[PDB]
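Only one chain comes next, encoded as structure tokens, the form deposited in one PDB entry.
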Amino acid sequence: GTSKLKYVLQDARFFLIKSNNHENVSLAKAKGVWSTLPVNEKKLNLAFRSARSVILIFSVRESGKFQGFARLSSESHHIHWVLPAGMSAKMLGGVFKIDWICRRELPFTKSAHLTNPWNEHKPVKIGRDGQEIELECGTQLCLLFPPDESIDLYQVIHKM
């Protein structure tokens, strides 16, 4: 069902995460962790204190898809990431704990009807790493993903 999912997304904040490679998203799915650039790290730490749920929606660049979404369970704290060209390791030192809500893919073709008011009403697939997605758009985007029946949202609801 979708009732527990809708409960978790209630009054949530949503952020687009753009990863340069699949390996880091796979590692995030395996380890329950994410790290971002300092500008976005600051934004996510503010958001974590501000909302009942902060949802990260992941997309690997050039994949044409989202790879899933997860809820922050912590602020950043100080993994074996693969870093972009010129991207170093100290720029990714803050580590957030995350609980996955959906590890399934969604192709961009399926979200073409969703625009993001916080990015000039461009299609929600468009945006830089860290772009906030307005509540209604983000909720509908997360509801488009195939259900992930390997995940039990009961423990996620208890974190809240």
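So that there is no doubt, residue numbering starts at 1 and follows the sequence shown. Take the two forms, superpose them, and find the largest set of C-alpha atoms that agree within 1.5 Å; that set is the rigid core.
- The stretch of deposited sequence separating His78 from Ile79 contains 4 to 9 residues lacking coordinates in this entry.
- Comparing 108 to 116 with 22 to 30, the stretch with the higher mean C-alpha B-factor in the PDB entry is 22 to 30.
- With 129 to 137 and 34 to 42 compared on mean CA B-factor from the PDB entry, the stretch scoring higher is 34 to 42.
- When the Cα B-factors of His121, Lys65, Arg103, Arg52 are read from the PDB record, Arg52 comes out highest.
- Annotation for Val95: CA B-factor lies in the highest third of the chain's modelled residues.
Here the subject shifts to the form deposited in another entry, a form of this protein not shown in this document.
- Of the residues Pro38, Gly32, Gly64, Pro123, just one CA atom moves 2 angstroms or more between this form and the one not shown under rigid-core superposition; it belongs to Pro38.
- Core-superposed comparison between this form and the one not shown: the CA of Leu92 exceeds or equals a 2 Å shift.
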